């Protein structure tokens, strides 16, 4: 009932709303439970050989942010993520603003719980 219908409003700027689009992208964000995000963190690594992935706390919920070496459809990533939820909510969107989205997720009200590279992203890695 009180499950979020979208990402927090302060992150909407960094996100594509075209969840059914045909355009393949390489930057993704997932909003779900801490339970489901803890699971997807590793499963996405082995599914999409992600170049970077980071997990970010927000109250009880989590935001996963990841980059893939090949482009994918957002609907494809979401479909995979939806398999590993059942009754848990899950919001999956393409990220149009990679290092800035990430930096918002590294500051209040968010916090980085874990990430696949020590020190996380450097802005020069994306540029």
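Positions refer to the first chain, counted from 1.
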Which is higher on mean Cα B factor in this entry, 30-38 or 71-79? 30-38
Tell me which stretch, 8-16 or 115-123, has the higher mean Cα B-factor listed in the entry. 115-123
Modelled-residue ranking by C-alpha temperature factor, third containing residue 48: lowest
Chain thirds of CA B-factor: placement of residue 21: middle
Here the Cα B-factor of residue 65, set against its chain, lands in the third termed lowest
